> 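The structure that follows is given in the form of structure tokens.
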Amino acid sequence: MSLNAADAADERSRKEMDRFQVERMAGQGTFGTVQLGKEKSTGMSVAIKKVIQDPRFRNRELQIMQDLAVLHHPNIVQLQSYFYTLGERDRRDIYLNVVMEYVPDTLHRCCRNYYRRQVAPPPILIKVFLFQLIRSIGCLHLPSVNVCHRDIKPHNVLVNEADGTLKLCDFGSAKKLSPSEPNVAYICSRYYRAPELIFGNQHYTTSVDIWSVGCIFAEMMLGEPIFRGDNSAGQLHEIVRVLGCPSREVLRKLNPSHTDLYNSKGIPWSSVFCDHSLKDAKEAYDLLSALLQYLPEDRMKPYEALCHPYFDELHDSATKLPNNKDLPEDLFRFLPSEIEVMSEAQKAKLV
Ligand SMILES: Cc1ncc(-c2ccnc(Nc3ccc(S(C)(=O)=O)cc3)n2)n1C(C)C
Ligand SMILES: C[As](C)(=O)[O-]
């Protein structure tokens, strides 16, 4: 219940730890370990995450979480605390711990519960989740924030199915990018990696996140990842197999040397998803194609995508989640920093 003061690496950390009680383990994996706890002062459920930092790469979880904590964005986790603990199996190891609010599920697990029981997720849940995921990157990509997550995947998109809410987390791989400065192209889970990253480009933009989001939209409607390659070239083959071979000019723009594959005509979305009951499939598929453009600049930007006709029914107070609950109150609650950068047409539609 109490966190063990003896595991604090220092006084500051012992004092932060005393704010929280541990209820139980929530999940463990390659990233580290997430415990469900409570803030003792408010009762609030928290995720206490013990961060495992791969020394081959730059981990920016704490610094990016601190920059985002100023915004209070309804679709991004809010840092509550950070502190350092000694390792369980070897006390010479010290770990960063970040505390944020707890969200009960991942989008991966929520979708997998439907597919495993032979049901596709309800269309209105896919739609409300997508709206929120796009809003989360909208916020990250603002000029005032300039954060590229670079590892968006169903496993770090958090959801509460009961109230239709969604939050983005897991910012260890995130970075503010500049066209002047180079980056590591091998970031992101291979299945969600944009073509410019498959090509090993060291200069790339926040549009890599848009690709990842499109990939997730497809996976929510398919039940498995849409582009499943065994390697970088395998990944391009799978993309080209589904979307069709782009022109040589497009391939030359993406290939850094600017100077090689089957000429697939691509599969229509209708044959990929086989969902004849989806009443607005045409809109859904238009949106998907607008996110999954080969050239980064051609991809639909988040605030334009929020105004896409696929999302029209989210404006109707009569629209309900599958359990008959109202849509989340915060869907159309925008931050001043978001509103002040919108076009007049986007403000009219969304605010
Ligand atoms: C990587 C990461 N960084 C922060 C979180 C995070 C943040 C807030 N809430 C939760 N809740 C949660 C955790 C694990 C599971 S599980 C393993 O049973 O699927 C289900 C819900 N987690 N996480 C998550 C994505 C592990
Ligand atoms: C090595 As890097 C792209 O995380 O600054």
Side-chain angles (χ1 to χ4, degrees), residues 20 22 24-37 39 44-69 73-83 95-111 113-114 116 129 132-133 136 146-163 165-177 179 182-186 188-189 192-194 196-197 200-206 208-209 212 216:
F20 303 101
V22 167
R24 55 173 156 278
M25 179 47 58
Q28 40 185 350
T30 61
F31 53 92
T33 306
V34 177
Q35 293 167 290
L36 178 60
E39 183 180 26
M44 191 185 53
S45 286
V46 294
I48 307 174
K49 174 162 89 157
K50 179 209 102 171
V51 183
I52 303 172
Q53 297 198 42
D54 184 341
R56 299 173 295 178
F57 307 104
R58 283 283 283 103
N59 187 290
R60 297 183 175 89
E61 180 143 42
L62 174 57
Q63 84 196 57
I64 296 287
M65 290 283 295
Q66 294 175 308
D67 290 344
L68 295 175
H73 194 274
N75 303 118
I76 297 171
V77 290
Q78 177 79 10
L79 186 68
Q80 308 297 307
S81 185
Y82 74 95
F83 55 85
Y95 299 89
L96 167 66
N97 295 254
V98 290
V99 189
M100 63 205 73
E101 68 273 14
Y102 185 74
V103 183
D105 206 8
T106 66
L107 179 59
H108 177 65
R109 292 172 53 97
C110 174
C111 289
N113 293 329
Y114 280 101
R116 287 177 64 93
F129 284 166
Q132 291 172 90
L133 182 51
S136 76
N146 196 27
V147 170
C148 191
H149 188 287
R150 309 194 303 188
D151 193 25
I152 314 177
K153 62 192 163 158
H155 314 80
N156 55 23
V157 177
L158 298 171
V159 297
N160 186 332
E161 183 180 349
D163 67 17
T165 55
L166 180 146
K167 298 182 193 308
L168 187 58
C169 72
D170 205 17
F171 299 94
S173 296
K175 183 187 177 176
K176 308 185 187 193
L177 314 176
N183 320 293
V184 165
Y186 205 74
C188 192
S189 204
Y192 306 97
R193 192 180 288 143
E196 58 270 34
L197 303 174
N201 289 281
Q202 291 194 332
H203 292 88
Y204 53 79
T205 70
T206 53
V208 302
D209 289 347
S212 297
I216 293 166

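Because only heavy atoms are used, hydrogens play no part in the values below, and waters and symmetry mates are left out as well, while side chains stay in. Position 1 is the first residue of the sequence; numbering continues from there. All ligand and atom numbering here is 1-based and tracks the order in the structure.
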> Please determine if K50 forms a cation-pi arrangement with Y95, meaning its NZ or CZ atom is less than 6.0 Å from the six-membered ring centre and no more than 45° off the ring axis.
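Here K50 passes the 6.0 Å and 45° test against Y95.
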
> Who are the side-chain hydrogen bond (donor to acceptor under 3.5 Å, both in side chains) partners of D54, not counting sequence neighbours?
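Expected list: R56.
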
> Could you identify the single nearest non-hydrogen protein atom to atom 11 (N) of ligand 1 and state the distance to 0.1 Å?
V103 O, 2.8 Å

> Tell me which protein heavy atom sits closest to atom 19 (O) of ligand 1, plus the residue, atom name and distance to 0.1 Å.
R109 CD, 2.8 Å

> Which value, rounded to the nearest 0.5 Å, describes the distance between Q80 atom CD and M44 atom CE?
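It is 4.0 Å, given to the nearest 0.5 Å.
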
> Quick one: which ligand 1 atoms are inside 4.0 Å of a heavy atom on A47?
7 (C), 8 (C), 9 (N)

> Using a strict 4.0 Å cut-off to heavy atoms of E101, name the atoms of ligand 1 that fall inside it.
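Taking each heavy atom of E101 in turn, ligand 1 has 8 (C), 9 (N) under 4.0 Å.
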
> Write out the residue and atom name of the closest protein heavy atom to atom 20 (C) of ligand 1, then the distance separating them to 0.1 Å.
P104 O, 4.0 Å

> With heavy-atom distances below 4.0 Å as the criterion, list the atoms of ligand 2 near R60.
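Counting from 1, the qualifying ligand atoms are 2 (As), 4 (O), 5 (O).
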
> What are the atoms of ligand 1, with element, lying closer than 4.0 Å to any heavy atom of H155?
25 (C)

> Pairing donors with acceptors under 3.5 angstrom, does anything connect the side chains of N201 and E196?
no

> I need the nearest protein heavy-atom contact for atom 15 (C) of ligand 1: residue, atom name and distance, please.
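It is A26 O, 4.2 Å.
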
> Could you list the residues that satisfy side-chain hydrogen bond (donor to acceptor under 3.5 Å, both in side chains) with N156, not counting sequence neighbours?
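Only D170 meet the side-chain hydrogen bond (donor to acceptor under 3.5 Å, both in side chains) criterion with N156.
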
> Measure from NZ or CZ of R193 to the centre of the six-membered ring of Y186 and say whether it is under 6.0 Å with the direction within 45° of the ring axis.
yes

> Report the part of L158 in contact with ligand 1, treating N, CA, C, O as backbone and CB onward as side chain, heavy atoms under 4.0 Å; options are side chain, backbone, both, neither.
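Looking at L158 and ligand 1, just side chain atoms fall under 4.0 Å.
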
> As an exercise, state the distance from CD1 of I216 to NE2 of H108, rounded to the nearest 0.5 Å.
12.0 Å

> Using a heavy-atom cut-off of under 4.0 Å, does the side chain or the backbone of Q202 touch ligand 2, or both, or neither?
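The answer is neither; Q202 stays 4.0 Å or more away.
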
> What's the separation between atom OG in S173 and atom CZ in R150, rounded to the nearest 0.5 Å?
7.0 Å

> Does either side chain, that of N97 or that of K49, offer a donor lying less than 3.5 Å from an acceptor on the other one?
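Short answer, no.
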
> If the cut-off is 4.0 Å to any non-hydrogen atom of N183, which atoms of ligand 2 fall inside it?
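The list of qualifying atoms is 3 (C).
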
> Hey, which atoms in ligand 1 end up nearer than 4.0 Å to a heavy atom of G27?
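Listed by number with element, the hits are 17 (C).
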
> Examine the proximity of ligand 1 to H108 and report which part, side chain or backbone, both or neither, has a heavy atom under 4.0 Å away.
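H108 to ligand 1: no contact under 4.0 Å from either part.
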
> Counting N and O atoms only, with roles assigned by atom type, does the side chain of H149 sit under 3.5 Å from a partner on the main chain of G172, one being a donor and the other an acceptor?
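Not confirmed, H149 side chain does not pair with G172 backbone.
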
> Report yes or no: do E161 and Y114 form a side-chain donor-acceptor pair below 3.5 Å?
yes

> Does ligand 1 come near enough to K49 that some N or O of the ligand is less than 3.5 Å from an N or O of the residue?
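Yes, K49 has an N/O under 3.5 Å of an N/O on ligand 1.
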
> Under 4.0 Å, heavy atoms only, figure out whether ligand 1 is touched by the backbone of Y102, its side chain, both or neither.
both

> Quick check: does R58 get an N/O under 3.5 Å from an N/O on ligand 2?
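No, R58 has no N/O under 3.5 Å of an N/O on ligand 2.
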
> For atom 26 (C) of ligand 1, what's the nearest protein heavy atom and its distance?
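Going by distance alone, atom 26 (C) of ligand 1 is nearest to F31 CZ, 3.7 Å.
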
> Can you find an N/O atom of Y204 closer than 3.5 Å to an N/O atom of ligand 2?
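Between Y204 and ligand 2, no N or O pair is found under 3.5 Å apart.
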
> Once you round to the nearest 0.5 Å, how far does CG of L107 lie from CG of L158?
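Result: 9.5 Å between the selected atoms.
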
> Ligand 1 and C169, any nitrogen or oxygen pair closer than 3.5 angstrom?
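No.
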
